[PDB]
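Source file: run-v5.cif (mmCIF, N, CA and C atoms; chains and numbers go by the auth columns)
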data_my_file
loop_
_atom_site.group_PDB
_atom_site.id
_atom_site.type_symbol
_atom_site.label_atom_id
_atom_site.label_comp_id
_atom_site.label_asym_id
_atom_site.label_seq_id
_atom_site.Cartn_x
_atom_site.Cartn_y
_atom_site.Cartn_z
_atom_site.B_iso_or_equiv
_atom_site.auth_seq_id
_atom_site.auth_asym_id
ATOM 1 N N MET A 1 -39.931 -14.581 -80.360 0.00 1 A
ATOM 2 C CA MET A 1 -38.881 -14.704 -79.356 0.00 1 A
ATOM 3 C C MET A 1 -38.033 -15.947 -79.605 0.00 1 A
ATOM 4 N N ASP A 2 -36.786 -15.736 -80.010 0.00 2 A
ATOM 5 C CA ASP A 2 -35.872 -16.840 -80.282 0.00 2 A
ATOM 6 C C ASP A 2 -34.767 -16.901 -79.233 0.00 2 A
ATOM 7 N N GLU A 3 -35.137 -16.674 -77.976 0.00 3 A
ATOM 8 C CA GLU A 3 -34.175 -16.702 -76.882 0.00 3 A
ATOM 9 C C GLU A 3 -34.663 -17.605 -75.751 0.00 3 A
ATOM 10 N N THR A 4 -35.411 -18.643 -76.113 0.00 4 A
ATOM 11 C CA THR A 4 -35.942 -19.580 -75.132 0.00 4 A
ATOM 12 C C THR A 4 -36.460 -20.846 -75.805 0.00 4 A
ATOM 13 N N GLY A 5 -35.619 -21.875 -75.850 0.00 5 A
ATOM 14 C CA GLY A 5 -36.012 -23.128 -76.468 0.00 5 A
ATOM 15 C C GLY A 5 -34.853 -24.095 -76.606 0.00 5 A
ATOM 16 N N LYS A 6 -33.953 -24.080 -75.629 0.00 6 A
ATOM 17 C CA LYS A 6 -32.791 -24.962 -75.644 0.00 6 A
ATOM 18 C C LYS A 6 -32.557 -25.576 -74.268 0.00 6 A
ATOM 19 N N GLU A 7 -32.232 -24.732 -73.295 0.00 7 A
ATOM 20 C CA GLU A 7 -31.984 -25.194 -71.934 0.00 7 A
ATOM 21 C C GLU A 7 -32.219 -24.073 -70.927 0.00 7 A
ATOM 22 N N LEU A 8 -32.606 -24.449 -69.712 0.00 8 A
ATOM 23 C CA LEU A 8 -32.866 -23.475 -68.657 0.00 8 A
ATOM 24 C C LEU A 8 -32.472 -24.033 -67.294 0.00 8 A
ATOM 25 N N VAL A 9 -32.130 -23.140 -66.370 0.00 9 A
ATOM 26 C CA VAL A 9 -31.736 -23.543 -65.026 0.00 9 A
ATOM 27 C C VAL A 9 -32.561 -22.812 -63.971 0.00 9 A
ATOM 28 N N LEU A 10 -32.788 -23.476 -62.842 0.00 10 A
ATOM 29 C CA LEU A 10 -33.562 -22.891 -61.754 0.00 10 A
ATOM 30 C C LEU A 10 -32.645 -22.238 -60.723 0.00 10 A
ATOM 31 N N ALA A 11 -33.043 -21.064 -60.244 0.00 11 A
ATOM 32 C CA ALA A 11 -32.260 -20.339 -59.252 0.00 11 A
ATOM 33 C C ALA A 11 -32.720 -20.676 -57.836 0.00 11 A
ATOM 34 N N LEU A 12 -31.839 -21.310 -57.070 0.00 12 A
ATOM 35 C CA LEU A 12 -32.154 -21.690 -55.697 0.00 12 A
ATOM 36 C C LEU A 12 -31.938 -20.518 -54.745 0.00 12 A
ATOM 37 N N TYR A 13 -30.785 -19.870 -54.863 0.00 13 A
ATOM 38 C CA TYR A 13 -30.456 -18.733 -54.013 0.00 13 A
ATOM 39 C C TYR A 13 -30.244 -17.472 -54.847 0.00 13 A
ATOM 40 N N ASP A 14 -30.753 -16.351 -54.350 0.00 14 A
ATOM 41 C CA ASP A 14 -30.620 -15.076 -55.046 0.00 14 A
ATOM 42 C C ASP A 14 -29.151 -14.728 -55.266 0.00 14 A
ATOM 43 N N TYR A 15 -28.897 -13.816 -56.198 0.00 15 A
ATOM 44 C CA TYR A 15 -27.535 -13.398 -56.507 0.00 15 A
ATOM 45 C C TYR A 15 -27.462 -11.887 -56.712 0.00 15 A
ATOM 46 N N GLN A 16 -26.250 -11.382 -56.914 0.00 16 A
ATOM 47 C CA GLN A 16 -26.044 -9.955 -57.123 0.00 16 A
ATOM 48 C C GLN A 16 -24.782 -9.701 -57.942 0.00 16 A
ATOM 49 N N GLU A 17 -24.955 -9.525 -59.248 0.00 17 A
ATOM 50 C CA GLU A 17 -23.829 -9.276 -60.141 0.00 17 A
ATOM 51 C C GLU A 17 -22.964 -8.132 -59.619 0.00 17 A
ATOM 52 N N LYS A 18 -21.657 -8.241 -59.835 0.00 18 A
ATOM 53 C CA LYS A 18 -20.720 -7.218 -59.388 0.00 18 A
ATOM 54 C C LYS A 18 -19.992 -6.592 -60.573 0.00 18 A
ATOM 55 N N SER A 19 -19.854 -7.360 -61.649 0.00 19 A
ATOM 56 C CA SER A 19 -19.175 -6.882 -62.848 0.00 19 A
ATOM 57 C C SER A 19 -20.144 -6.796 -64.023 0.00 19 A
ATOM 58 N N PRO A 20 -19.767 -6.011 -65.043 0.00 20 A
ATOM 59 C CA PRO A 20 -20.588 -5.825 -66.244 0.00 20 A
ATOM 60 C C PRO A 20 -20.649 -7.083 -67.105 0.00 20 A
ATOM 61 N N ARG A 21 -19.726 -8.007 -66.861 0.00 21 A
ATOM 62 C CA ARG A 21 -19.673 -9.253 -67.615 0.00 21 A
ATOM 63 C C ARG A 21 -20.301 -10.395 -66.820 0.00 21 A
ATOM 64 N N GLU A 22 -21.220 -10.051 -65.924 0.00 22 A
ATOM 65 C CA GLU A 22 -21.893 -11.047 -65.100 0.00 22 A
ATOM 66 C C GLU A 22 -23.389 -10.758 -65.007 0.00 22 A
ATOM 67 N N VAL A 23 -24.151 -11.748 -64.556 0.00 23 A
ATOM 68 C CA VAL A 23 -25.595 -11.600 -64.419 0.00 23 A
ATOM 69 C C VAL A 23 -26.050 -11.932 -63.002 0.00 23 A
ATOM 70 N N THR A 24 -27.357 -11.855 -62.772 0.00 24 A
ATOM 71 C CA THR A 24 -27.921 -12.147 -61.461 0.00 24 A
ATOM 72 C C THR A 24 -29.242 -12.898 -61.584 0.00 24 A
ATOM 73 N N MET A 25 -29.733 -13.409 -60.460 0.00 25 A
ATOM 74 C CA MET A 25 -30.990 -14.149 -60.444 0.00 25 A
ATOM 75 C C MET A 25 -31.667 -14.039 -59.081 0.00 25 A
ATOM 76 N N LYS A 26 -32.924 -14.465 -59.014 0.00 26 A
ATOM 77 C CA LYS A 26 -33.684 -14.416 -57.771 0.00 26 A
ATOM 78 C C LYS A 26 -34.220 -15.796 -57.406 0.00 26 A
ATOM 79 N N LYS A 27 -34.506 -15.995 -56.124 0.00 27 A
ATOM 80 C CA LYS A 27 -35.030 -17.269 -55.644 0.00 27 A
ATOM 81 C C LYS A 27 -36.246 -17.699 -56.458 0.00 27 A
ATOM 82 N N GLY A 28 -36.101 -18.795 -57.197 0.00 28 A
ATOM 83 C CA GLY A 28 -37.197 -19.292 -58.007 0.00 28 A
ATOM 84 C C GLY A 28 -37.186 -18.720 -59.412 0.00 28 A
ATOM 85 N N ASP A 29 -36.039 -18.192 -59.823 0.00 29 A
ATOM 86 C CA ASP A 29 -35.899 -17.609 -61.153 0.00 29 A
ATOM 87 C C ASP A 29 -35.406 -18.651 -62.153 0.00 29 A
ATOM 88 N N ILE A 30 -35.602 -18.369 -63.437 0.00 30 A
ATOM 89 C CA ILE A 30 -35.177 -19.281 -64.491 0.00 30 A
ATOM 90 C C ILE A 30 -34.301 -18.568 -65.515 0.00 30 A
ATOM 91 N N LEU A 31 -33.141 -19.149 -65.800 0.00 31 A
ATOM 92 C CA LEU A 31 -32.211 -18.571 -66.764 0.00 31 A
ATOM 93 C C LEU A 31 -31.905 -19.557 -67.887 0.00 31 A
ATOM 94 N N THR A 32 -31.888 -19.058 -69.119 0.00 32 A
ATOM 95 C CA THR A 32 -31.608 -19.894 -70.278 0.00 32 A
ATOM 96 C C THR A 32 -30.143 -20.317 -70.311 0.00 32 A
ATOM 97 N N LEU A 33 -29.901 -21.610 -70.128 0.00 33 A
ATOM 98 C CA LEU A 33 -28.544 -22.143 -70.138 0.00 33 A
ATOM 99 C C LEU A 33 -27.934 -22.055 -71.533 0.00 33 A
ATOM 100 N N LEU A 34 -26.691 -21.595 -71.601 0.00 34 A
ATOM 101 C CA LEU A 34 -25.992 -21.465 -72.875 0.00 34 A
ATOM 102 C C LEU A 34 -24.766 -22.371 -72.921 0.00 34 A
ATOM 103 N N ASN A 35 -23.979 -22.347 -71.851 0.00 35 A
ATOM 104 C CA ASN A 35 -22.776 -23.168 -71.768 0.00 35 A
ATOM 105 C C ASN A 35 -22.523 -23.618 -70.332 0.00 35 A
ATOM 106 N N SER A 36 -22.128 -24.877 -70.173 0.00 36 A
ATOM 107 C CA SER A 36 -21.855 -25.432 -68.852 0.00 36 A
ATOM 108 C C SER A 36 -20.538 -26.202 -68.847 0.00 36 A
ATOM 109 N N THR A 37 -19.608 -25.775 -69.695 0.00 37 A
ATOM 110 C CA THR A 37 -18.306 -26.424 -69.790 0.00 37 A
ATOM 111 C C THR A 37 -17.632 -26.507 -68.426 0.00 37 A
ATOM 112 N N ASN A 38 -17.950 -25.556 -67.555 0.00 38 A
ATOM 113 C CA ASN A 38 -17.374 -25.522 -66.215 0.00 38 A
ATOM 114 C C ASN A 38 -18.241 -26.301 -65.231 0.00 38 A
ATOM 115 N N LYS A 39 -17.767 -26.413 -63.994 0.00 39 A
ATOM 116 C CA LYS A 39 -18.499 -27.131 -62.957 0.00 39 A
ATOM 117 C C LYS A 39 -18.787 -26.221 -61.767 0.00 39 A
ATOM 118 N N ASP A 40 -18.249 -25.006 -61.812 0.00 40 A
ATOM 119 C CA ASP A 40 -18.452 -24.040 -60.739 0.00 40 A
ATOM 120 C C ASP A 40 -19.338 -22.889 -61.204 0.00 40 A
ATOM 121 N N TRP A 41 -19.201 -22.518 -62.471 0.00 41 A
ATOM 122 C CA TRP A 41 -19.989 -21.430 -63.040 0.00 41 A
ATOM 123 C C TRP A 41 -20.573 -21.828 -64.390 0.00 41 A
ATOM 124 N N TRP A 42 -21.769 -21.331 -64.682 0.00 42 A
ATOM 125 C CA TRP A 42 -22.437 -21.636 -65.942 0.00 42 A
ATOM 126 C C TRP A 42 -22.781 -20.357 -66.699 0.00 42 A
ATOM 127 N N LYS A 43 -22.757 -20.435 -68.025 0.00 43 A
ATOM 128 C CA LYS A 43 -23.068 -19.285 -68.866 0.00 43 A
ATOM 129 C C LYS A 43 -24.542 -19.281 -69.259 0.00 43 A
ATOM 130 N N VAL A 44 -25.280 -18.296 -68.758 0.00 44 A
ATOM 131 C CA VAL A 44 -26.701 -18.177 -69.059 0.00 44 A
ATOM 132 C C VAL A 44 -27.015 -16.835 -69.713 0.00 44 A
ATOM 133 N N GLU A 45 -28.167 -16.760 -70.372 0.00 45 A
ATOM 134 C CA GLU A 45 -28.582 -15.533 -71.042 0.00 45 A
ATOM 135 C C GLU A 45 -29.792 -14.916 -70.346 0.00 45 A
ATOM 136 N N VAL A 46 -29.604 -13.721 -69.796 0.00 46 A
ATOM 137 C CA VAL A 46 -30.679 -13.022 -69.101 0.00 46 A
ATOM 138 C C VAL A 46 -31.335 -11.984 -70.006 0.00 46 A
ATOM 139 N N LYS A 47 -32.440 -11.414 -69.538 0.00 47 A
ATOM 140 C CA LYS A 47 -33.163 -10.405 -70.303 0.00 47 A
ATOM 141 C C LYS A 47 -33.159 -9.064 -69.575 0.00 47 A
ATOM 142 N N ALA A 48 -33.231 -7.981 -70.341 0.00 48 A
ATOM 143 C CA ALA A 48 -33.240 -6.640 -69.769 0.00 48 A
ATOM 144 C C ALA A 48 -34.016 -5.670 -70.653 0.00 48 A
ATOM 145 N N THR A 49 -34.725 -4.738 -70.022 0.00 49 A
ATOM 146 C CA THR A 49 -35.512 -3.753 -70.752 0.00 49 A
ATOM 147 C C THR A 49 -34.887 -2.366 -70.650 0.00 49 A
ATOM 148 N N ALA A 50 -34.654 -1.741 -71.800 0.00 50 A
ATOM 149 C CA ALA A 50 -34.062 -0.410 -71.839 0.00 50 A
ATOM 150 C C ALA A 50 -34.431 0.317 -73.129 0.00 50 A
ATOM 151 N N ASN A 51 -34.596 1.632 -73.035 0.00 51 A
ATOM 152 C CA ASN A 51 -34.950 2.442 -74.195 0.00 51 A
ATOM 153 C C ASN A 51 -36.247 1.948 -74.828 0.00 51 A
ATOM 154 N N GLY A 52 -37.107 1.348 -74.010 0.00 52 A
ATOM 155 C CA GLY A 52 -38.372 0.839 -74.508 0.00 52 A
ATOM 156 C C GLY A 52 -38.201 -0.386 -75.383 0.00 52 A
ATOM 157 N N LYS A 53 -37.087 -1.088 -75.205 0.00 53 A
ATOM 158 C CA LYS A 53 -36.804 -2.286 -75.986 0.00 53 A
ATOM 159 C C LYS A 53 -36.349 -3.429 -75.083 0.00 53 A
ATOM 160 N N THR A 54 -36.661 -4.657 -75.486 0.00 54 A
ATOM 161 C CA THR A 54 -36.283 -5.834 -74.714 0.00 54 A
ATOM 162 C C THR A 54 -35.142 -6.590 -75.385 0.00 54 A
ATOM 163 N N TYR A 55 -34.021 -6.702 -74.683 0.00 55 A
ATOM 164 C CA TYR A 55 -32.855 -7.400 -75.212 0.00 55 A
ATOM 165 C C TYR A 55 -32.273 -8.354 -74.174 0.00 55 A
ATOM 166 N N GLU A 56 -31.573 -9.380 -74.649 0.00 56 A
ATOM 167 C CA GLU A 56 -30.966 -10.365 -73.762 0.00 56 A
ATOM 168 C C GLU A 56 -29.445 -10.237 -73.767 0.00 56 A
ATOM 169 N N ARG A 57 -28.823 -10.596 -72.649 0.00 57 A
ATOM 170 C CA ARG A 57 -27.373 -10.520 -72.523 0.00 57 A
ATOM 171 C C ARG A 57 -26.811 -11.807 -71.929 0.00 57 A
ATOM 172 N N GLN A 58 -25.534 -12.066 -72.191 0.00 58 A
ATOM 173 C CA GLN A 58 -24.878 -13.265 -71.684 0.00 58 A
ATOM 174 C C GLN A 58 -24.163 -12.978 -70.367 0.00 58 A
ATOM 175 N N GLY A 59 -24.127 -13.977 -69.489 0.00 59 A
ATOM 176 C CA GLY A 59 -23.473 -13.811 -68.204 0.00 59 A
ATOM 177 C C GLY A 59 -23.145 -15.137 -67.546 0.00 59 A
ATOM 178 N N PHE A 60 -22.478 -15.075 -66.398 0.00 60 A
ATOM 179 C CA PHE A 60 -22.101 -16.281 -65.668 0.00 60 A
ATOM 180 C C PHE A 60 -22.795 -16.334 -64.310 0.00 60 A
ATOM 181 N N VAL A 61 -23.157 -17.540 -63.884 0.00 61 A
ATOM 182 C CA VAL A 61 -23.828 -17.729 -62.603 0.00 61 A
ATOM 183 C C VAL A 61 -23.253 -18.925 -61.853 0.00 61 A
ATOM 184 N N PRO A 62 -23.352 -18.887 -60.516 0.00 62 A
ATOM 185 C CA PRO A 62 -22.847 -19.961 -59.655 0.00 62 A
ATOM 186 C C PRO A 62 -23.672 -21.238 -59.777 0.00 62 A
ATOM 187 N N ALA A 63 -23.047 -22.293 -60.288 0.00 63 A
ATOM 188 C CA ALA A 63 -23.722 -23.574 -60.457 0.00 63 A
ATOM 189 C C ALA A 63 -24.129 -24.160 -59.110 0.00 63 A
ATOM 190 N N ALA A 64 -23.589 -23.594 -58.036 0.00 64 A
ATOM 191 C CA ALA A 64 -23.897 -24.062 -56.689 0.00 64 A
ATOM 192 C C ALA A 64 -25.239 -23.514 -56.212 0.00 64 A
ATOM 193 N N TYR A 65 -25.681 -22.424 -56.829 0.00 65 A
ATOM 194 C CA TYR A 65 -26.947 -21.800 -56.465 0.00 65 A
ATOM 195 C C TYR A 65 -28.023 -22.108 -57.503 0.00 65 A
ATOM 196 N N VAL A 66 -27.591 -22.395 -58.727 0.00 66 A
ATOM 197 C CA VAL A 66 -28.516 -22.708 -59.810 0.00 66 A
ATOM 198 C C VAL A 66 -28.331 -24.142 -60.293 0.00 66 A
ATOM 199 N N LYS A 67 -29.420 -24.752 -60.748 0.00 67 A
ATOM 200 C CA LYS A 67 -29.380 -26.125 -61.240 0.00 67 A
ATOM 201 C C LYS A 67 -30.222 -26.274 -62.503 0.00 67 A
ATOM 202 N N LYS A 68 -29.650 -26.912 -63.518 0.00 68 A
ATOM 203 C CA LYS A 68 -30.348 -27.125 -64.781 0.00 68 A
ATOM 204 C C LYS A 68 -31.616 -27.947 -64.569 0.00 68 A
ATOM 205 N N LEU A 69 -32.644 -27.654 -65.358 0.00 69 A
ATOM 206 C CA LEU A 69 -33.912 -28.367 -65.258 0.00 69 A
ATOM 207 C C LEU A 69 -34.010 -29.454 -66.323 0.00 69 A
ATOM 208 N N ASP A 70 -32.859 -29.947 -66.766 0.00 70 A
ATOM 209 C CA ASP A 70 -32.814 -30.993 -67.780 0.00 70 A
ATOM 210 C C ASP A 70 -33.652 -32.196 -67.359 0.00 70 A
#

As structure tokens, the full file:
Amino acid sequence: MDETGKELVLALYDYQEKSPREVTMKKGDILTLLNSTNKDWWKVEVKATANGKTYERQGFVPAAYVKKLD
């Protein structure tokens, strides 16, 4: 698994993606931080299981609900 070993953020409040170019999280969840160039939204990589395979996808999350564990 080469999708966990750089940065991660903790999810304070649950979320609910609305677009295909976005992700979601749950209270007490952890997402691998990818980019934080912004101050309102952060780019994290989530995981998903389909067709009997595990793959990760990129998305954006509210920095107001999530906080890096740096």

Could you find all residues in chain A that DSSP calls strand (DSSP E) from the backbone, and write them as a PyMOL selection string? chain A and resi 8-11+30-35+41-50+53-62+66-68

Name all residues at most 8 Å from residue 69 (chain A) (count only C-alpha atoms; drop same-chain ones fewer than 6 positions away) and give them as a PDB file with N, CA and C atoms, keeping the file's coordinate frame.
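What ended up in result_26.pdb:
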ATOM      1  N   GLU A   7     -32.232 -24.732 -73.295  1.00  0.00           N
ATOM      2  CA  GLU A   7     -31.984 -25.194 -71.934  1.00  0.00           C
ATOM      3  C   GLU A   7     -32.219 -24.073 -70.927  1.00  0.00           C
ATOM      4  N   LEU A   8     -32.606 -24.449 -69.712  1.00  0.00           N
ATOM      5  CA  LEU A   8     -32.866 -23.475 -68.657  1.00  0.00           C
ATOM      6  C   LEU A   8     -32.472 -24.033 -67.294  1.00  0.00           C
ATOM      7  N   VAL A   9     -32.130 -23.140 -66.370  1.00  0.00           N
ATOM      8  CA  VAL A   9     -31.736 -23.543 -65.026  1.00  0.00           C
ATOM      9  C   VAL A   9     -32.561 -22.812 -63.971  1.00  0.00           C
ATOM     10  N   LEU A  10     -32.788 -23.476 -62.842  1.00  0.00           N
ATOM     11  CA  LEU A  10     -33.562 -22.891 -61.754  1.00  0.00           C
ATOM     12  C   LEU A  10     -32.645 -22.238 -60.723  1.00  0.00           C
TER      13      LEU A  10
END

Which is closer to residue 36 (chain A) than all the others in A:4, A:15, A:59, A:53, using only C-alpha atoms? A:59

Check which residues satisfy the PyMOL selection byres ((chain A and resi 30) around 7) in the file shown, then give them as a PyMOL selection string. chain A and resi 8-11+25-26+28-29+31-32

Spatial neighbours of residue 23 (chain A), max dist 6.5 Å, all atoms listed in the file, sep filter under 5 positions, as number ranges by chain: A: 15-18, 58-61

Rounded to one decimal, what separation in Å do you get between CA of residue 34 (chain A) and CA of residue 46 (chain A)? 10.4 Å

Which residue gives the smallest distance to residue 35 (chain A) among A:1, A:55, A:6, A:65, with only C-alpha atoms counted?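 Checking each candidate against residue 35 (chain A), we get A:6 as the closest.
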
As a check of understanding: the span from CA of residue 45 (chain A) to CA of residue 67 (chain A) is 14.5 Å

Report the distance between atom N of residue 43 (chain A) and CA of residue 2 (chain A) in Å, rounded to one decimal place.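 Pair atom N of residue 43 (chain A) / CA of residue 2 (chain A) returns 18.3 Å.
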
Taking the block just given, write chain A to a file that holds C-alpha atoms, as a PDB file, in the first residue's frame.
ATOM      1  CA  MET A   1       0.000   0.000   0.000  1.00  0.00           C
ATOM      2  CA  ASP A   2       1.636   3.201  -1.244  1.00  0.00           C
ATOM      3  CA  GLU A   3      -1.252   5.526  -0.397  1.00  0.00           C
ATOM      4  CA  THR A   4      -0.458   6.288   3.243  1.00  0.00           C
ATOM      5  CA  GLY A   5       2.841   7.745   4.414  1.00  0.00           C
ATOM      6  CA  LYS A   6       2.937  11.503   3.890  1.00  0.00           C
ATOM      7  CA  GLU A   7       0.183  13.439   5.661  1.00  0.00           C
ATOM      8  CA  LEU A   8      -3.259  12.863   7.177  1.00  0.00           C
ATOM      9  CA  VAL A   9      -6.106  14.933   8.616  1.00  0.00           C
ATOM     10  CA  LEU A  10      -8.720  14.207  11.282  1.00  0.00           C
ATOM     11  CA  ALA A  11     -12.431  14.621  10.558  1.00  0.00           C
ATOM     12  CA  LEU A  12     -14.247  16.574  13.271  1.00  0.00           C
ATOM     13  CA  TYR A  13     -17.662  16.812  11.614  1.00  0.00           C
ATOM     14  CA  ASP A  14     -19.217  14.358   9.159  1.00  0.00           C
ATOM     15  CA  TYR A  15     -19.647  15.364   5.517  1.00  0.00           C
ATOM     16  CA  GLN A  16     -21.617  14.442   2.398  1.00  0.00           C
ATOM     17  CA  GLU A  17     -20.108  14.825  -1.073  1.00  0.00           C
ATOM     18  CA  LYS A  18     -22.449  16.348  -3.655  1.00  0.00           C
ATOM     19  CA  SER A  19     -20.290  16.258  -6.785  1.00  0.00           C
ATOM     20  CA  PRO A  20     -18.214  13.502  -8.444  1.00  0.00           C
ATOM     21  CA  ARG A  21     -15.110  15.646  -7.963  1.00  0.00           C
ATOM     22  CA  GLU A  22     -15.522  15.709  -4.182  1.00  0.00           C
ATOM     23  CA  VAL A  23     -15.142  13.361  -1.212  1.00  0.00           C
ATOM     24  CA  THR A  24     -16.676  12.802   2.222  1.00  0.00           C
ATOM     25  CA  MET A  25     -15.706  11.843   5.772  1.00  0.00           C
ATOM     26  CA  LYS A  26     -17.153  10.755   9.118  1.00  0.00           C
ATOM     27  CA  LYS A  27     -16.718  11.949  12.704  1.00  0.00           C
ATOM     28  CA  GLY A  28     -13.326  10.621  13.757  1.00  0.00           C
ATOM     29  CA  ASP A  29     -12.234   9.703  10.238  1.00  0.00           C
ATOM     30  CA  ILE A  30      -8.754  10.111   8.761  1.00  0.00           C
ATOM     31  CA  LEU A  31      -7.934  11.296   5.241  1.00  0.00           C
ATOM     32  CA  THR A  32      -4.528  11.364   3.547  1.00  0.00           C
ATOM     33  CA  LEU A  33      -3.629  15.010   2.946  1.00  0.00           C
ATOM     34  CA  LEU A  34      -2.379  15.743  -0.570  1.00  0.00           C
ATOM     35  CA  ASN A  35      -2.579  19.517  -0.998  1.00  0.00           C
ATOM     36  CA  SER A  36      -3.445  22.398   1.333  1.00  0.00           C
ATOM     37  CA  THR A  37      -2.615  25.389  -0.864  1.00  0.00           C
ATOM     38  CA  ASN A  38      -6.016  26.758   0.145  1.00  0.00           C
ATOM     39  CA  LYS A  39      -7.265  27.806   3.582  1.00  0.00           C
ATOM     40  CA  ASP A  40     -10.928  26.862   3.180  1.00  0.00           C
ATOM     41  CA  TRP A  41     -10.658  23.512   1.398  1.00  0.00           C
ATOM     42  CA  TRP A  42      -7.991  20.802   1.339  1.00  0.00           C
ATOM     43  CA  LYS A  43      -7.218  18.097  -1.221  1.00  0.00           C
ATOM     44  CA  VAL A  44      -7.260  14.616   0.310  1.00  0.00           C
ATOM     45  CA  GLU A  45      -7.201  11.082  -1.093  1.00  0.00           C
ATOM     46  CA  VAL A  46      -9.973   8.706  -0.026  1.00  0.00           C
ATOM     47  CA  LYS A  47     -10.396   4.969  -0.593  1.00  0.00           C
ATOM     48  CA  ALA A  48     -13.211   3.023  -2.254  1.00  0.00           C
ATOM     49  CA  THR A  49     -14.003  -0.627  -2.969  1.00  0.00           C
ATOM     50  CA  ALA A  50     -15.549  -1.676  -6.281  1.00  0.00           C
ATOM     51  CA  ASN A  51     -15.488  -4.673  -8.623  1.00  0.00           C
ATOM     52  CA  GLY A  52     -13.725  -6.548  -5.838  1.00  0.00           C
ATOM     53  CA  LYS A  53     -10.829  -4.098  -5.983  1.00  0.00           C
ATOM     54  CA  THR A  54      -9.575  -1.352  -3.669  1.00  0.00           C
ATOM     55  CA  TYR A  55      -8.689   2.000  -5.229  1.00  0.00           C
ATOM     56  CA  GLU A  56      -8.142   5.546  -3.966  1.00  0.00           C
ATOM     57  CA  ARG A  57      -9.492   8.808  -5.379  1.00  0.00           C
ATOM     58  CA  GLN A  58      -8.716  12.508  -4.960  1.00  0.00           C
ATOM     59  CA  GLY A  59     -11.182  15.004  -3.522  1.00  0.00           C
ATOM     60  CA  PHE A  60     -11.695  18.225  -1.579  1.00  0.00           C
ATOM     61  CA  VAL A  61     -12.815  18.656   2.032  1.00  0.00           C
ATOM     62  CA  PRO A  62     -13.734  21.576   4.327  1.00  0.00           C
ATOM     63  CA  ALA A  63     -10.678  22.615   6.338  1.00  0.00           C
ATOM     64  CA  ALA A  64     -13.169  23.948   8.884  1.00  0.00           C
ATOM     65  CA  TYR A  65     -14.352  20.422   9.680  1.00  0.00           C
ATOM     66  CA  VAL A  66     -11.028  18.635   9.199  1.00  0.00           C
ATOM     67  CA  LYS A  67      -7.628  19.376  10.735  1.00  0.00           C
ATOM     68  CA  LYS A  68      -4.184  18.043   9.821  1.00  0.00           C
ATOM     69  CA  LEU A  69      -2.510  15.809  12.405  1.00  0.00           C
ATOM     70  CA  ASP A  70       0.917  17.289  11.678  1.00  0.00           C
TER      71      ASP A  70
END
